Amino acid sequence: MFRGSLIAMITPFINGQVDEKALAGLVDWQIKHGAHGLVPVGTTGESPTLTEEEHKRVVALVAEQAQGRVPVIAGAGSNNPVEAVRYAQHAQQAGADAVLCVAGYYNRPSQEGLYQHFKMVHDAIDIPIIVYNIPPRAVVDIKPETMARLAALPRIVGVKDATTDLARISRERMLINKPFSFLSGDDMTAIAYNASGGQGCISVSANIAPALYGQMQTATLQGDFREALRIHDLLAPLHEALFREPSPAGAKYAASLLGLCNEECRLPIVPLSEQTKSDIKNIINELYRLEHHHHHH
């Protein structure tokens, strides 16, 4: 249902507020340069530090600006399913095509608790859900048997797998007996994931290099792993630099270098070191040098 390069969108700020002009421009620029889909207001979009009003406004503005050109999968994460229901219902009303749902961070519930959280969101809306499995941030882990129970629900349609355990997709595929949108939640292993049955990635780096990242994803989907790895290798220095300090500090700074938005993030995300800024700048300049050298029409 949802395939390829799906961008975990940054949220631009100006004078302490959502930068609506920059956000609209970002949607247009990302679509122009090869986004296969957009995922506003996940943690890369600073969902934890947006107000409930800002969260909904960003989703609404992205859905409006996309104009149906690519799918929009709205973040509806919370550790409280009552809150997640509110985000998901709004997303549906604002014209999002699906929602992305993490559960259980900090309160650390059982598998049954995770299941009931997701069932609550599922039963409250009419659009599809991608469940978000990210033990490295949430501690809790949606286990394969739980994933299979979730897959029995008609509108749980995929997973953003940020476990970094590449055996996990195999364990899930052994238990899930319907088509399922397996999506990587880790840029560094996106190729490994698609070779293992994945069909895309909800990506941070695609904010910055949407054209290359789209080409890489399409190559994996067309079975051309030689071409995909070639592009992955080009992007590896960028990946390292974008994640060296806690994301989205890196992506926000990189986007500022491209003239897309201000570099600012909200606490507890902090400004980059001068060394990290320098490394990002040099990497971006090199990618542009290479593109200009190789381009011809």
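Numbering starts at 1 and runs along the sequence shown.
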Using the B-factors recorded in the PDB entry, average over the C-alpha atoms of 285-293 and of 21-29, then report which stretch comes out higher.
285-293
Comparing average C-alpha B factors as deposited, tell me which of 106-114 and 84-92 sits higher.
84-92
Chain-wide C-alpha B factor ranking for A124, given as lowest, middle or highest third
highest
In terms of the chain's CA B-factor thirds, is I176 lowest, middle or highest?
highest
Would you mind ranking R57 by its C-alpha B-factor against the rest of the chain and naming the third, lowest, middle or highest?
highest
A195 - Cα temperature factor, lowest/middle/highest third of chain:
lowest
Among the chain's modelled residues, which third holds the C-alpha B-factor of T164?
highest
